[PDB]
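query.cif (mmCIF, C-alpha atoms and all ligand atoms)
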data_work
#
loop_
_atom_site.label_atom_id
_atom_site.label_comp_id
_atom_site.auth_asym_id
_atom_site.auth_seq_id
_atom_site.Cartn_x
_atom_site.Cartn_y
_atom_site.Cartn_z
CA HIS A 1 -14.54 5.62 -19.66
CA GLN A 2 -11.82 8.20 -20.33
CA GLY A 3 -10.12 9.29 -17.12
CA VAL A 4 -11.71 6.80 -14.67
CA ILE A 5 -9.46 6.01 -11.65
CA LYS A 6 -10.65 2.66 -10.27
CA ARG A 7 -9.11 -0.48 -8.73
CA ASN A 8 -10.86 -3.48 -10.37
CA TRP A 9 -10.83 -7.21 -9.67
CA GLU A 10 -9.06 -8.66 -12.71
CA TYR A 11 -9.77 -12.36 -13.14
CA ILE A 12 -6.88 -14.32 -14.58
CA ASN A 13 -11.65 -30.29 -4.79
CA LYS A 14 -9.95 -26.94 -3.97
CA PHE A 15 -9.06 -24.48 -1.17
CA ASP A 16 -9.45 -20.77 -2.17
CA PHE A 17 -7.93 -17.94 -0.07
CA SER A 18 -7.09 -14.29 -0.48
CA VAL A 19 -3.97 -12.38 0.59
CA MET A 20 -3.53 -8.65 1.17
CA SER A 21 -0.02 -7.04 1.40
CA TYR A 22 -0.13 -3.46 2.77
CA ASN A 23 2.59 -1.07 4.04
CA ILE A 24 0.25 1.10 6.23
CA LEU A 25 2.81 3.88 7.00
CA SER A 26 3.99 4.17 10.60
CA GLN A 27 2.98 7.46 12.22
CA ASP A 28 6.43 7.92 13.80
CA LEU A 29 8.08 7.39 10.40
CA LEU A 30 5.61 9.76 8.74
CA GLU A 31 6.43 12.49 11.27
CA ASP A 32 10.17 11.80 11.09
CA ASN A 33 10.04 12.17 7.29
CA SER A 34 7.63 15.08 7.04
CA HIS A 35 9.40 16.40 3.93
CA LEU A 36 8.00 13.43 1.96
CA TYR A 37 4.42 14.47 2.84
CA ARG A 38 4.51 18.21 2.12
CA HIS A 39 1.91 17.68 -0.62
CA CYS A 40 -0.71 16.38 1.84
CA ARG A 41 -3.41 18.43 3.49
CA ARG A 42 -2.36 18.63 7.12
CA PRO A 43 -5.50 17.07 8.69
CA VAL A 44 -5.16 13.87 6.66
CA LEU A 45 -1.84 12.96 8.27
CA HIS A 46 -2.95 12.46 11.89
CA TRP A 47 -3.16 8.87 13.10
CA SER A 48 -6.67 9.60 14.41
CA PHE A 49 -7.60 10.27 10.75
CA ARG A 50 -5.56 7.56 9.04
CA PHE A 51 -6.29 4.51 11.18
CA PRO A 52 -10.09 4.54 10.67
CA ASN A 53 -9.50 4.70 6.91
CA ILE A 54 -6.97 1.85 6.99
CA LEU A 55 -9.24 -0.32 9.12
CA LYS A 56 -12.20 0.41 6.83
CA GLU A 57 -10.16 -0.73 3.82
CA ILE A 58 -9.09 -3.93 5.58
CA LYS A 59 -12.70 -4.62 6.55
CA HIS A 60 -13.92 -3.91 3.02
CA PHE A 61 -11.64 -6.42 1.31
CA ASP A 62 -12.09 -9.04 4.05
CA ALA A 63 -8.92 -10.85 3.01
CA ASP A 64 -8.14 -14.26 4.51
CA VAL A 65 -4.46 -13.39 5.13
CA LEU A 66 -2.99 -9.96 5.88
CA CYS A 67 0.71 -9.19 5.46
CA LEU A 68 1.26 -5.73 6.91
CA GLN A 69 4.37 -3.57 7.07
CA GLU A 70 5.15 -0.41 9.08
CA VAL A 71 2.94 -1.63 11.92
CA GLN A 72 3.89 0.62 14.84
CA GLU A 73 4.18 -1.23 18.15
CA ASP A 74 2.25 1.16 20.41
CA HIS A 75 -0.60 1.56 17.94
CA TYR A 76 -0.59 -2.17 17.27
CA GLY A 77 -1.20 -3.00 20.92
CA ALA A 78 -3.69 -0.21 21.58
CA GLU A 79 -5.78 -0.29 18.40
CA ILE A 80 -4.63 -2.36 15.37
CA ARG A 81 -4.38 -5.82 16.99
CA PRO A 82 -7.67 -5.47 18.97
CA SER A 83 -9.49 -4.22 15.86
CA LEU A 84 -8.19 -7.05 13.68
CA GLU A 85 -8.94 -9.66 16.34
CA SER A 86 -12.52 -8.35 16.44
CA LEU A 87 -12.77 -9.04 12.69
CA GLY A 88 -11.80 -12.74 13.17
CA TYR A 89 -8.03 -12.53 12.58
CA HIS A 90 -5.29 -14.20 14.62
CA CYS A 91 -2.34 -11.73 14.53
CA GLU A 92 1.42 -12.34 14.81
CA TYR A 93 3.93 -9.48 14.99
CA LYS A 94 7.65 -9.02 14.59
CA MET A 95 9.03 -5.58 15.43
CA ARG A 96 12.23 -4.20 13.95
CA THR A 97 15.17 -4.45 16.35
CA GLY A 98 17.05 -1.60 17.93
CA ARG A 99 15.35 1.81 18.36
CA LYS A 100 12.91 1.30 15.53
CA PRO A 101 9.19 1.69 16.27
CA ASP A 102 7.56 -0.58 13.71
CA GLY A 103 7.49 -4.00 12.17
CA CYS A 104 5.75 -6.67 10.17
CA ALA A 105 2.54 -8.49 11.00
CA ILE A 106 0.97 -11.59 9.49
CA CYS A 107 -2.69 -12.07 10.35
CA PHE A 108 -5.08 -14.79 9.17
CA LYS A 109 -8.78 -15.61 9.62
CA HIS A 110 -9.03 -18.36 12.30
CA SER A 111 -12.09 -19.75 10.37
CA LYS A 112 -9.76 -20.45 7.35
CA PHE A 113 -6.51 -21.73 8.96
CA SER A 114 -4.78 -23.15 12.01
CA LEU A 115 -1.31 -22.01 13.01
CA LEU A 116 1.47 -24.60 12.84
CA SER A 117 4.51 -22.40 13.53
CA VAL A 118 5.70 -18.82 13.91
CA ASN A 119 9.18 -18.11 12.57
CA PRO A 120 10.57 -14.60 13.05
CA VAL A 121 13.66 -13.41 11.19
CA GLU A 122 16.00 -10.70 12.48
CA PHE A 123 18.32 -9.32 9.82
CA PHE A 124 20.47 -7.57 12.43
CA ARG A 125 23.51 -9.75 13.34
CA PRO A 126 25.78 -8.16 15.98
CA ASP A 127 28.57 -10.61 15.01
CA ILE A 128 28.52 -9.64 11.28
CA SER A 129 29.45 -6.05 10.50
CA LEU A 130 27.59 -6.12 7.18
CA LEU A 131 24.26 -6.82 8.87
CA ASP A 132 24.00 -3.71 11.02
CA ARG A 133 20.41 -2.76 10.10
CA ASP A 134 17.24 -3.39 12.11
CA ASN A 135 14.96 -4.85 9.44
CA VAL A 136 13.00 -8.04 10.00
CA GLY A 137 10.84 -10.70 8.42
CA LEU A 138 8.21 -13.16 9.59
CA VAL A 139 7.23 -16.60 8.27
CA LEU A 140 4.12 -18.49 9.36
CA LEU A 141 3.22 -22.06 8.53
CA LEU A 142 -0.58 -22.38 8.28
CA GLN A 143 -2.85 -25.45 7.94
CA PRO A 144 -5.94 -24.81 5.75
CA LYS A 145 -9.15 -25.72 7.70
CA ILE A 146 -10.85 -28.33 5.42
CA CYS A 147 -4.12 -30.89 2.23
CA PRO A 148 -0.65 -29.34 2.43
CA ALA A 149 0.26 -26.51 4.69
CA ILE A 150 0.81 -23.03 3.25
CA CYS A 151 3.89 -20.98 4.10
CA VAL A 152 3.28 -17.22 4.31
CA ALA A 153 6.26 -14.87 4.49
CA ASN A 154 6.39 -11.11 5.00
CA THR A 155 9.25 -8.62 5.14
CA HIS A 156 10.25 -4.98 4.79
CA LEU A 157 13.78 -4.74 3.40
CA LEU A 158 16.25 -1.91 4.06
CA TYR A 159 15.32 1.31 2.21
CA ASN A 160 18.86 2.76 1.76
CA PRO A 161 19.31 2.71 -2.04
CA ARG A 162 23.13 2.43 -2.01
CA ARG A 163 23.22 -0.72 0.18
CA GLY A 164 22.23 -3.51 -2.25
CA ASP A 165 24.74 -5.77 -0.46
CA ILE A 166 22.60 -5.52 2.69
CA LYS A 167 19.36 -5.87 0.72
CA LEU A 168 20.43 -9.09 -1.03
CA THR A 169 21.71 -10.56 2.23
CA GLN A 170 18.45 -9.72 4.03
CA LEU A 171 16.54 -11.34 1.19
CA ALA A 172 18.77 -14.43 1.41
CA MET A 173 18.02 -14.66 5.14
CA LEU A 174 14.27 -14.58 4.47
CA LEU A 175 14.61 -17.15 1.67
CA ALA A 176 16.64 -19.43 3.95
CA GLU A 177 13.94 -19.28 6.62
CA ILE A 178 11.30 -20.11 4.00
CA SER A 179 13.38 -23.02 2.73
CA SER A 180 13.44 -24.51 6.22
CA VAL A 181 9.81 -23.83 7.16
CA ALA A 182 8.22 -24.83 3.82
CA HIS A 183 10.20 -28.08 3.51
CA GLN A 184 7.96 -31.16 3.45
CA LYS A 185 8.59 -34.79 4.31
CA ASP A 186 8.51 -35.70 0.61
CA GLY A 187 11.35 -33.28 -0.15
CA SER A 188 9.28 -30.69 -1.99
CA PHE A 189 8.22 -27.29 -0.68
CA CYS A 190 4.64 -26.59 0.38
CA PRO A 191 2.91 -23.66 -1.36
CA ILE A 192 4.55 -20.31 -0.56
CA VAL A 193 3.14 -16.80 -0.59
CA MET A 194 5.89 -14.21 0.00
CA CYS A 195 4.70 -10.63 0.49
CA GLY A 196 6.28 -7.39 1.41
CA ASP A 197 7.95 -4.07 0.71
CA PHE A 198 11.23 -5.05 -0.96
CA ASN A 199 12.33 -1.45 -1.68
CA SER A 200 13.30 -2.73 -5.12
CA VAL A 201 11.66 -2.10 -8.47
CA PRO A 202 10.46 -4.40 -11.27
CA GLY A 203 13.25 -5.73 -13.44
CA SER A 204 15.95 -4.79 -10.94
CA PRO A 205 18.64 -7.38 -10.19
CA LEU A 206 16.99 -8.18 -6.86
CA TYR A 207 13.57 -8.62 -8.50
CA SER A 208 15.04 -10.77 -11.26
CA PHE A 209 16.74 -12.98 -8.68
CA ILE A 210 13.40 -13.66 -6.98
CA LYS A 211 11.62 -14.42 -10.25
CA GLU A 212 14.35 -16.46 -11.96
CA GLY A 213 16.02 -18.19 -9.02
CA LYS A 214 19.44 -17.08 -10.25
CA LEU A 215 21.52 -13.91 -10.36
CA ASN A 216 24.96 -13.38 -11.84
CA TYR A 217 26.19 -10.43 -9.73
CA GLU A 218 29.66 -10.12 -11.30
CA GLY A 219 30.50 -6.42 -11.65
CA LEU A 220 27.23 -5.26 -10.10
CA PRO A 221 27.52 -2.02 -8.07
CA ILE A 222 25.85 -2.14 -4.67
CA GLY A 223 23.52 0.71 -5.56
CA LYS A 224 22.23 -0.95 -8.74
CA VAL A 225 20.79 -3.99 -6.94
CA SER A 226 17.41 -2.48 -6.12
CA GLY A 227 16.86 -0.21 -9.14
CA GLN A 228 15.80 2.65 -6.78
CA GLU A 229 16.88 6.21 -7.71
CA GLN A 230 20.68 6.33 -7.00
CA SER A 231 23.72 8.42 -8.22
CA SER A 232 24.99 5.27 -10.11
CA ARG A 233 28.61 6.68 -9.57
CA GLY A 234 31.50 5.95 -7.08
CA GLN A 235 29.91 2.73 -5.78
CA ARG A 236 31.69 -0.41 -4.57
CA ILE A 237 31.03 -3.63 -6.56
CA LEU A 238 29.43 -6.55 -4.69
CA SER A 239 31.85 -8.91 -2.94
CA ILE A 240 32.12 -12.56 -4.02
CA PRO A 241 30.51 -13.95 -1.89
CA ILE A 242 28.20 -11.12 -0.92
CA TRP A 243 28.08 -12.07 2.80
CA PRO A 244 30.60 -13.86 5.04
CA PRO A 245 30.67 -17.59 5.96
CA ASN A 246 29.61 -16.88 9.62
CA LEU A 247 26.05 -16.01 8.36
CA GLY A 248 25.59 -19.78 7.74
CA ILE A 249 23.66 -19.34 4.48
CA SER A 250 24.89 -20.92 1.19
CA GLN A 251 24.89 -19.29 -2.29
CA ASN A 252 21.60 -21.28 -2.91
CA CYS A 253 20.03 -19.27 0.00
CA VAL A 254 19.64 -22.25 2.33
CA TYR A 255 20.91 -22.64 5.85
CA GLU A 256 24.15 -24.63 6.08
CA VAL A 257 26.22 -26.12 8.86
CA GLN A 258 29.17 -23.78 9.39
CA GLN A 259 32.65 -25.24 9.65
CA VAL A 260 35.98 -24.11 11.09
CA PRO A 261 38.64 -22.76 8.64
CA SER A 262 31.55 -18.00 -8.38
CA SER A 263 29.52 -14.77 -8.52
CA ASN A 264 26.12 -16.43 -8.77
CA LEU A 265 23.25 -16.57 -6.31
CA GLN A 266 20.49 -19.16 -6.62
CA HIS A 267 17.34 -20.18 -4.79
CA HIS A 268 15.30 -23.37 -5.18
CA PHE A 269 11.78 -21.92 -5.43
CA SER A 270 9.54 -21.35 -8.46
CA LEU A 271 7.95 -17.97 -7.76
CA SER A 272 5.66 -15.79 -9.84
CA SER A 273 4.54 -12.23 -9.16
CA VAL A 274 0.83 -11.51 -8.78
CA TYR A 275 1.22 -8.23 -10.68
CA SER A 276 2.77 -7.75 -14.12
CA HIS A 277 4.00 -4.19 -13.34
CA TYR A 278 2.90 -2.49 -16.61
CA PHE A 279 -0.55 -1.80 -18.02
CA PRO A 280 -0.93 -3.89 -21.19
CA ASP A 281 -2.64 -1.34 -23.42
CA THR A 282 -0.21 1.51 -22.70
CA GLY A 283 3.03 0.13 -21.25
CA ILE A 284 2.67 2.64 -18.40
CA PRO A 285 4.15 1.34 -15.12
CA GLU A 286 2.11 0.30 -12.15
CA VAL A 287 3.08 1.99 -8.88
CA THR A 288 2.54 0.87 -5.28
CA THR A 289 3.82 4.02 -3.49
CA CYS A 290 3.54 7.73 -4.33
CA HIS A 291 4.89 10.56 -2.18
CA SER A 292 6.81 13.83 -2.77
CA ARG A 293 10.08 12.05 -3.77
CA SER A 294 9.02 8.62 -5.17
CA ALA A 295 6.36 6.89 -7.32
CA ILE A 296 7.37 3.29 -8.07
CA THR A 297 6.45 -0.34 -7.47
CA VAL A 298 8.32 -1.64 -4.40
CA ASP A 299 5.59 -3.91 -2.97
CA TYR A 300 4.93 -7.45 -4.20
CA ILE A 301 3.00 -10.64 -3.67
CA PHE A 302 5.10 -13.57 -4.90
CA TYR A 303 3.71 -17.10 -4.95
CA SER A 304 4.69 -20.67 -5.79
CA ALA A 305 3.70 -21.43 -9.35
CA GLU A 306 4.20 -23.81 -12.25
CA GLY A 307 3.41 -26.87 -4.34
CA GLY A 308 1.94 -24.60 -7.02
CA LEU A 309 -0.95 -22.14 -6.47
CA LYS A 310 -3.31 -20.83 -9.17
CA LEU A 311 -3.84 -17.07 -9.27
CA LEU A 312 -7.57 -16.52 -9.68
CA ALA A 313 -7.76 -12.72 -9.45
CA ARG A 314 -5.91 -9.59 -8.41
CA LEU A 315 -6.95 -6.05 -7.45
CA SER A 316 -5.61 -3.80 -10.19
CA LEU A 317 -3.01 -1.10 -9.31
CA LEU A 318 -2.76 2.54 -10.52
CA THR A 319 -0.30 4.73 -12.40
CA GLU A 320 1.78 7.63 -11.01
CA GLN A 321 -0.47 10.03 -12.99
CA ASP A 322 -3.61 8.44 -11.44
CA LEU A 323 -2.19 9.00 -7.92
CA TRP A 324 -1.22 12.63 -8.57
CA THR A 325 -4.76 13.22 -9.90
CA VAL A 326 -5.84 12.51 -6.30
CA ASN A 327 -2.99 14.75 -5.07
CA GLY A 328 -0.71 11.90 -4.04
CA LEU A 329 -0.55 9.57 -1.06
CA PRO A 330 -1.62 9.72 1.82
CA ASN A 331 -4.76 11.73 0.99
CA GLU A 332 -8.17 12.25 2.62
CA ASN A 333 -9.30 8.81 1.26
CA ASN A 334 -6.11 6.57 0.93
CA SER A 335 -4.36 6.80 4.29
CA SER A 336 -0.98 5.25 3.51
CA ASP A 337 1.77 6.32 1.11
CA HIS A 338 1.43 2.81 -0.34
CA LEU A 339 -1.48 1.03 -2.00
CA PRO A 340 -2.65 -2.38 -0.72
CA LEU A 341 -2.01 -5.37 -2.97
CA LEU A 342 -4.64 -8.11 -3.03
CA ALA A 343 -4.80 -11.52 -4.68
CA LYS A 344 -7.11 -14.52 -4.66
CA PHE A 345 -5.44 -17.94 -4.93
CA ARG A 346 -6.65 -21.51 -5.48
CA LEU A 347 -4.89 -24.58 -4.05
CA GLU A 348 -6.03 -27.56 -6.13
CA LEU A 349 -6.55 -30.71 -4.05
K K B 401 13.32 -27.69 7.91
K K B 402 29.88 2.78 -2.21
MG MG B 403 7.68 4.00 4.30
#
What's the structure tokens form of this structure?
Ligand SMILES: [K+]
Ligand SMILES: [K+]
Ligand SMILES: [Mg+2]
Amino acid sequence: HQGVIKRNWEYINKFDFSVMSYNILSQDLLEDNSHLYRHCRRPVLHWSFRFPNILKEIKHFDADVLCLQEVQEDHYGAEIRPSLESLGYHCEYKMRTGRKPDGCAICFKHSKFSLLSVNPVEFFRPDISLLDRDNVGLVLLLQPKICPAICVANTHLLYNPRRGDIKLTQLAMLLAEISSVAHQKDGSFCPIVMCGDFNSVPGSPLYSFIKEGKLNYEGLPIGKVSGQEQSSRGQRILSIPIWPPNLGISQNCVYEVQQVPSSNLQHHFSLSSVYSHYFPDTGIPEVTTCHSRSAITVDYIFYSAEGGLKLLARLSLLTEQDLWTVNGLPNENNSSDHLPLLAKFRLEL
């Protein structure tokens, strides 16, 4: 019907599992950035209001795997981890480094998987001046309880729109960890699901690199990498190579043995995006976040596809206009400034 604002399930020897990616908005970061939330009714911003709504959403969708971002450490220990464990999830956390209050969590139903390994990633390198930011990632290797393992990755990349050099290097570090964890004895990669808040928009150079496995970055200004709103003036062009040899990551985004003393990046995965980023009838963009200064897609679920996975269904997203009709995010009903992404996958056996 005209004007309806609804999130629908769109349908596109086996193991079926669902994955939810959700940046839940850290209370400390909300309060530190109160200018982004001026549009919100004051009572809806308190953590005592937001957490029950977030937990209710998680319970409603009952996803097999949760990839969460902006999980605040104190709240995680006091309330989020106990609540998720009560719902049947095993939870693994990786907090941002430094003075930062929040991090990434990957949680999975213990009825659906066993844990093979936990592989945190710290993007902060004290020995590499480029990598001075506190962002992190987390990679789990899971064994379906019934068959290959499944590699689940989660990250929250640097927000700063100018620093595409840092963003691409952080992404390369996550991709290198995935390449090591997902490697199988037969030389192929097990199925991969890579979720997170990439702070980069559809069609940006960083997005295209993920989807295509290649990026020619010759002449690319650092602030054009992510496609986020930027001045697009006075910016340094990416170095060739982007990051120094002491990182120990090659231009194919794999770990390499460092030794004593072209402008293309590659990776070896075949990744698709769950969402197509535009509504087919109208061409209007999908958004995953909507506050006073931004309404864009920055959140993704990427997956191995023709260890391929079949996408069975996804929970449809909304437009910027749809979100302002409900007076933006967070609101009295949606308690993050992001929307949760949700997919159902099939592993054929
Ligand atoms: K390995
Ligand atoms: K610059
Ligand atoms: Mg945020």
Listing only residues of region 237-349 of chain A within 9 Å of region 179-203 of chain A, what is the closest atom pair and its distance in Å (to one decimal) for each, using only C-alpha atoms, sorted by chain and residue number ascending, as a Markdown table?
| residue | atom | partner | partner_atom | distance |
| --- | --- | --- | --- | --- |
| A:253 | CA | A:179 | CA | 8.1 |
| A:254 | CA | A:179 | CA | 6.3 |
| A:255 | CA | A:180 | CA | 7.7 |
| A:267 | CA | A:179 | CA | 9.0 |
| A:268 | CA | A:179 | CA | 8.1 |
| A:269 | CA | A:189 | CA | 8.0 |
| A:271 | CA | A:192 | CA | 8.3 |
| A:276 | CA | A:202 | CA | 8.9 |
| A:277 | CA | A:202 | CA | 6.8 |
| A:296 | CA | A:201 | CA | 6.9 |
| A:297 | CA | A:201 | CA | 5.6 |
| A:298 | CA | A:199 | CA | 4.8 |
| A:299 | CA | A:197 | CA | 4.4 |
| A:300 | CA | A:195 | CA | 5.7 |
| A:301 | CA | A:195 | CA | 4.5 |
| A:302 | CA | A:194 | CA | 5.0 |
| A:303 | CA | A:193 | CA | 4.4 |
| A:304 | CA | A:192 | CA | 5.2 |
| A:305 | CA | A:191 | CA | 8.3 |
| A:307 | CA | A:191 | CA | 4.4 |
| A:308 | CA | A:191 | CA | 5.8 |
| A:309 | CA | A:191 | CA | 6.6 |
| A:347 | CA | A:191 | CA | 8.3 |
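Within 10 Å of residue 6 (chain A), once only C-alpha atoms are used and residues closer than 3 positions along the same chain are dropped, the contacting residues are residues 3, 9, 315, 316, 317, 318 and 322 of chain A.
The shortest atom-to-atom distance to ligand K 402 (chain B), with only C-alpha atoms and all ligand atoms taken into account, belongs to A:163 out of A:163, A:340, A:258, A:170.
CA of residue 171 (chain A) sits 12.8 Å away from CA of residue 139 (chain A).
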Discussion item. Neighbouring residues of ligand K 402 (chain B) are defined here as those with any atom at most 7 Å from a ligand atom, counting all atoms listed in the file; list them as a count of residues only.
Written reply: 5
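With all atoms listed in the file as the basis for measurement, A:72 is the residue among A:272, A:13, A:72, A:262 that approaches ligand MG 403 (chain B) most closely.
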Discussion item. At a cut-off of 12 Å and counting only C-alpha atoms and all ligand atoms, what residues surround ligand MG 403 (chain B)? Please answer as an NGL selection string.
Written reply: :A and (22-34 or 36-37 or 68-72 or 102-103 or 156-160 or 196-199 or 288-291 or 293-294 or 298-299 or 329-330 or 336-339)
Item to complete: Write out as a ChimeraX atom specification the residues lying within 9 Å of residue 311 (chain A), counting all atoms listed in the file and excluding same-chain residues fewer than 5 positions away.
Response: /A:11-12,274,303,305,343-346
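CA of residue 48 (chain A) lies 23.8 Å from CA of residue 90 (chain A).
Taking CA of residue 131 (chain A) and CA of residue 243 (chain A) as endpoints, the distance between them is 8.9 Å.
Compared by their closest atoms to residue 88 (chain A), and using only C-alpha atoms, the residues A:281, A:64, A:332, A:320 rank with A:64 nearest.
Of the listed residues A:176, A:56, A:127, A:98, the one whose atoms come nearest to ligand K 401 (chain B) is A:176, with distances taken using only C-alpha atoms and all ligand atoms.
Minimum distance to ligand K 401 (chain B) across A:342, A:284, A:257, A:178 (counting only C-alpha atoms and all ligand atoms) occurs at A:178.
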Practice prompt. Would you mind listing what lies within 10 Å of residue 59 (chain A) as a PyMOL selection string, with only C-alpha atoms counted and same-chain residues fewer than 5 positions away left out?
Written response: chain A and resi 53-54+83-84+87
Worksheet entry | Option closest in space to residue 265 (chain A), from A:328, A:213, A:101, A:221 [counting only C-alpha atoms] | A:213
Discussion item. List as a PyMOL selection string the protein and nucleic acid residues near residue 114 (chain A), meaning an atom at most 10 Å away when all atoms listed in the file are counted, but skip any in the same chain fewer than 3 places from it.
Written reply: chain A and resi 90+108-111+117+141-145+149
Residue subset to file, keeping C-alpha atoms, as a CSV table (one decimal), keeping the file's coordinate frame:
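Now in result-v1.csv:
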chain,number,residue,atom,x,y,z
A,90,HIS,CA,-5.3,-14.2,14.6
A,108,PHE,CA,-5.1,-14.8,9.2
A,109,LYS,CA,-8.8,-15.6,9.6
A,110,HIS,CA,-9.0,-18.4,12.3
A,111,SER,CA,-12.1,-19.8,10.4
A,117,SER,CA,4.5,-22.4,13.5
A,141,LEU,CA,3.2,-22.1,8.5
A,142,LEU,CA,-0.6,-22.4,8.3
A,143,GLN,CA,-2.8,-25.4,7.9
A,144,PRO,CA,-5.9,-24.8,5.8
A,145,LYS,CA,-9.2,-25.7,7.7
A,149,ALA,CA,0.3,-26.5,4.7
Item to complete: Considering all atoms listed in the file, return as a PyMOL selection string whatever protein or nucleic-acid residues lie within 9 Å of residue 122 (chain A), sequence-local ones (same chain, fewer than 5 positions apart) excluded.
Response: chain A and resi 94+96-97+134-138+170+173
Output as lines of an AutoDock Vina configuration file the centre and edge lengths (Å, one decimal) of the box along x, y and z of the file that holds every listed atom of region 262-280 of chain A after adding 5 Å on each side.
center_x = 15.3
center_y = -12.6
center_z = -13.0
size_x = 42.5
size_y = 31.6
size_z = 26.4
Starting from the sparse input, extend region 293-305 of chain A to N, CA, C and O atoms and give the output as a PDB file, keeping the file's coordinate frame.
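As a result, result17.pdb now contains:
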ATOM      1  N   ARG A 293       8.793  12.378  -3.120  1.00  0.00           N
ATOM      2  CA  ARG A 293      10.080  12.050  -3.770  1.00  0.00           C
ATOM      3  C   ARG A 293      10.072  10.724  -4.525  1.00  0.00           C
ATOM      4  O   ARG A 293      11.091  10.419  -5.107  1.00  0.00           O
ATOM      5  N   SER A 294       8.995   9.954  -4.528  1.00  0.00           N
ATOM      6  CA  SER A 294       9.020   8.620  -5.170  1.00  0.00           C
ATOM      7  C   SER A 294       7.638   8.163  -5.644  1.00  0.00           C
ATOM      8  O   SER A 294       6.709   8.299  -4.899  1.00  0.00           O
ATOM      9  N   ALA A 295       7.562   7.590  -6.840  1.00  0.00           N
ATOM     10  CA  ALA A 295       6.360   6.890  -7.320  1.00  0.00           C
ATOM     11  C   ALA A 295       6.809   5.688  -8.142  1.00  0.00           C
ATOM     12  O   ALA A 295       7.167   5.825  -9.318  1.00  0.00           O
ATOM     13  N   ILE A 296       6.773   4.506  -7.526  1.00  0.00           N
ATOM     14  CA  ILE A 296       7.370   3.290  -8.070  1.00  0.00           C
ATOM     15  C   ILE A 296       6.615   2.092  -7.505  1.00  0.00           C
ATOM     16  O   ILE A 296       5.840   2.208  -6.549  1.00  0.00           O
ATOM     17  N   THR A 297       6.842   0.918  -8.094  1.00  0.00           N
ATOM     18  CA  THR A 297       6.450  -0.340  -7.470  1.00  0.00           C
ATOM     19  C   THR A 297       7.618  -0.812  -6.606  1.00  0.00           C
ATOM     20  O   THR A 297       8.726  -0.995  -7.125  1.00  0.00           O
ATOM     21  N   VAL A 298       7.373  -0.997  -5.301  1.00  0.00           N
ATOM     22  CA  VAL A 298       8.320  -1.640  -4.400  1.00  0.00           C
ATOM     23  C   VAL A 298       7.662  -2.758  -3.593  1.00  0.00           C
ATOM     24  O   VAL A 298       8.344  -3.461  -2.844  1.00  0.00           O
ATOM     25  N   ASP A 299       6.345  -2.900  -3.703  1.00  0.00           N
ATOM     26  CA  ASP A 299       5.590  -3.910  -2.970  1.00  0.00           C
ATOM     27  C   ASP A 299       5.188  -5.034  -3.908  1.00  0.00           C
ATOM     28  O   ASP A 299       4.864  -4.789  -5.072  1.00  0.00           O
ATOM     29  N   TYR A 300       5.203  -6.269  -3.392  1.00  0.00           N
ATOM     30  CA  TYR A 300       4.930  -7.450  -4.200  1.00  0.00           C
ATOM     31  C   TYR A 300       4.169  -8.499  -3.410  1.00  0.00           C
ATOM     32  O   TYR A 300       4.281  -8.597  -2.185  1.00  0.00           O
ATOM     33  N   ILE A 301       3.428  -9.331  -4.145  1.00  0.00           N
ATOM     34  CA  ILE A 301       3.000 -10.640  -3.670  1.00  0.00           C
ATOM     35  C   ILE A 301       3.596 -11.656  -4.635  1.00  0.00           C
ATOM     36  O   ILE A 301       3.226 -11.688  -5.818  1.00  0.00           O
ATOM     37  N   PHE A 302       4.530 -12.466  -4.150  1.00  0.00           N
ATOM     38  CA  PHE A 302       5.100 -13.570  -4.900  1.00  0.00           C
ATOM     39  C   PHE A 302       4.468 -14.864  -4.418  1.00  0.00           C
ATOM     40  O   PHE A 302       4.069 -14.977  -3.256  1.00  0.00           O
ATOM     41  N   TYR A 303       4.345 -15.837  -5.319  1.00  0.00           N
ATOM     42  CA  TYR A 303       3.710 -17.100  -4.950  1.00  0.00           C
ATOM     43  C   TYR A 303       4.302 -18.255  -5.740  1.00  0.00           C
ATOM     44  O   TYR A 303       4.781 -18.085  -6.862  1.00  0.00           O
ATOM     45  N   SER A 304       4.250 -19.443  -5.132  1.00  0.00           N
ATOM     46  CA  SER A 304       4.690 -20.670  -5.790  1.00  0.00           C
ATOM     47  C   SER A 304       3.841 -20.947  -7.004  1.00  0.00           C
ATOM     48  O   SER A 304       2.618 -21.056  -6.892  1.00  0.00           O
ATOM     49  N   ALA A 305       4.484 -21.151  -8.150  1.00  0.00           N
ATOM     50  CA  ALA A 305       3.700 -21.430  -9.350  1.00  0.00           C
ATOM     51  C   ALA A 305       4.462 -22.294 -10.335  1.00  0.00           C
ATOM     52  O   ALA A 305       5.695 -22.269 -10.400  1.00  0.00           O
TER      53      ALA A 305
END
